Amino acid sequence: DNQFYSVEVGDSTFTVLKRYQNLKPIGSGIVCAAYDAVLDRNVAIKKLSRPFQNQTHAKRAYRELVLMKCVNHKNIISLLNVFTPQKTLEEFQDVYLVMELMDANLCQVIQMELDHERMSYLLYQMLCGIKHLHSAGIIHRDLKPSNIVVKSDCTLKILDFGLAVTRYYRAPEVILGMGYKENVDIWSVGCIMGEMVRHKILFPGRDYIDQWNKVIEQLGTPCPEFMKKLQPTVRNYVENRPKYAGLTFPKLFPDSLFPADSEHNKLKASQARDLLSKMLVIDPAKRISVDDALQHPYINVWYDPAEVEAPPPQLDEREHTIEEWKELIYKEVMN
Ligand SMILES: CO[C@H]1CC[C@H](C(=O)Nc2cc(-c3ccnc(Nc4ccc(F)cc4)c3)ccn2)CC1
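Its first residue numbered 7, the sequence shown is counted upward by one per residue in the numbering used here.
Below, the structure written as structure tokens:
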């Protein structure tokens, strides 16, 4: 009459409530798909294994659990259930997060040919979500395809809340650590959009060094005044990098790559390029804001004041010993 049972999912041991049935490996913390017999709907279940095991695993977990439990928007994850099989703070090991299941992760979507209604819709949804987080002072700073999911009917959700390991989608200000505002997530959005057109990661980099080489090798060296905002040592590295005027957007995202047989298709293809050309701007002082990107004629066909302007959702990251976490996380799981 103990409510839990154990199975192997892919590899690891899942100990979940009896309600979740027919667990299937979909991800690897270690995520899987299940039928929730109570709700009668499909679900994704995520195993967090000893999440108090270090400051990295811990902060991420505590942040993402407080955060998950007060953000309420159709384009960010709606947590359906949190539970631990362990009975006592003494025996506590794992946390299981549960949300409803989508048909695709955004990496599979990037790999196909999107028409503009769809591509435009995803990017719209990404912005609505991003717009929600920003209104609770949450600046994500690490949007990536693997943490976005999608329904067959084209509805999109963002799974995570970002930086306090895929670095391709991180903004210039992140890569060189310089201080950001909300549109830092506009870089990342545009890197996703860019990849939807190109079906190639825009900036495939070994490290922050290799990545930066790849940004400028295409968009060009940032102008004088951007550099004048970098900390003396980083500014000095950046300044003695080989210069580049870099390709223009028609050259970066040619006509070859676009649906362009209908006149609609032709008209929209140039609207995407325009929008991309505004998102993928290195200097954040020159890069489009989340409110402008929604007034762009590519996106704005979807504009919905209910979606775009939703009511906004203690102060987080702080130092704790890997025992004080065990308890902090455990209290959050028991509510
Ligand atoms: C073979 O798999 C198919 C069927 C569906 C499949 C798919 O991945 N569907 C799908 C996957 C997730 C998912 C993926 C990776 N990580 C998390 N983390 C997570 C965070 C919080 C939380 F509460 C729960 C989990 C959730 C969510 C919804 N739907 C794509 C292809």
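Ideal Cβ placement from N, Cα and C applies to all residues, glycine included.
*asked:* Alpha carbons only, please: which of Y214, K75 and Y11 is nearest the one belonging to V22?
replied: Cα-wise, what sits closest to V22 is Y11.
*asked:* Buried or exposed for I328, going by 16 or more other Cβ atoms inside 10 Å?
replied: It counts as exposed.
*Are the CB atoms of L112 and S158 nearer to each other than 9 Å?*
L112 is not a Cβ neighbour of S158, given a cutoff of 9 Å.
*Quickly, what does DSSP pair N48 with across the bridge? List them, please.*
Beta-bridge pairing links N48 to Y41.
*Is any heavy atom in ligand 1 found nearer than 8 Å to the beta carbon of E338?*
Checking every heavy atom of ligand 1 against the Cβ of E338, none is found closer than 8 Å.
*From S126, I144 and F232, pick the residue whose C-alpha is nearest to that of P178; which is it?*
For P178, the nearest C-alpha among the options comes from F232.
*asked:* Using the three-state DSSP reduction, which class does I32 fall into: helix, strand or coil?
replied: Residue state for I32 is assigned as strand, using DSSP reduced to three classes.
*Do the CB positions of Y186 and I145 come within less than 9 Å of each other?*
It is a contact, given that the beta carbons lie within the stated cut-off.
*By DSSP, does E313 sit in helix, in strand, or in coil?*
The answer is helix: DSSP assigns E313 an H, G or I state.
_Buried versus exposed, by CB contacts within 10 Å (16 or more), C134_ = Buried, by the Cβ-count rule.
*Residue closest to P57, alpha-carbon to alpha-carbon, out of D46, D216, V44 and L71*: From the listed residues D46, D216, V44 and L71, the smallest Cα separation to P57 is found for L71.
_Alpha carbon of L208 to alpha carbon of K52, nearest angstrom_ = Approximately 29 Å, taken between the alpha carbons.
*In the structure shown, what three-state DSSP assignment does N78 receive?*
The DSSP-derived three-state label of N78 is coil.
*To the nearest angstrom, how far is it from the Cα of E333 to the Cα of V104?*
A direct Cα-Cα distance of roughly 21 Å separates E333 from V104.
*Is the closest heavy atom of ligand 1 to the C-beta of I32 under 8 Å?*
Flag set: Cβ of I32 near ligand 1.
*For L182, which option in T239, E188 and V155 has the closest C-alpha, if you only look at C-alpha atoms?*
For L182, the closest C-alpha among the options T239, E188 and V155 is that of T239.
*Report yes if the CB atom of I335 is closer than 9 Å to the CB atom of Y102, and no otherwise.*
Result no, Cβ atoms of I335 and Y102 do not sit closer than 9 Å.
_Using 9 Å as the threshold, is the C-beta distance between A39 and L29 below it?_
Judged by beta-carbon spacing, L29 lies within the 9 Å limit of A39, meaning their Cβ atoms are closer than that value.
*Using three-state DSSP, classify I335 as helix, strand or coil.*
DSSP places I335 in helix when its eight states are reduced to three.
*Which class does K163 belong to by DSSP, given the choice of helix, strand or coil?*
Of the three classes helix, strand and coil, the one that applies to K163 here is strand, per DSSP.
*What span of residues does the alpha helix (DSSP H) with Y130 cover, start to end?*
Where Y130 is concerned, the enclosing alpha helix (DSSP H) stretches over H122 to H140.
*How big is the Cα-Cα spacing for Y309 and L281?*
About 16 Å.
*Which one of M184, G200, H140 and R173 has the shortest CA to CA distance from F167?*
The shortest Cα separation from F167 among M184, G200, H140 and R173 belongs to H140.
*Nearest-angstrom Cα distance between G16 and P31?*
If I take the Cα positions, the gap works out to 5 Å.
*Are the CB atoms of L286 and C229 nearer to each other than 9 Å?*
Contact flag unset, no.
*DSSP three-state call for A177: helix, strand or coil?*
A177 carries a coil assignment under DSSP once its states are collapsed to helix, strand and coil.
_Using a Cβ distance threshold of 8 Å, determine whether the stretch 261 to 274 contacts the stretch 243 to 252, with at least three qualifying pairs required._
Fewer than three Cβ pairs drawn from the stretch 261 to 274 and the stretch 243 to 252 lie within less than 8 Å of each other, which leaves the two stretches out of contact.
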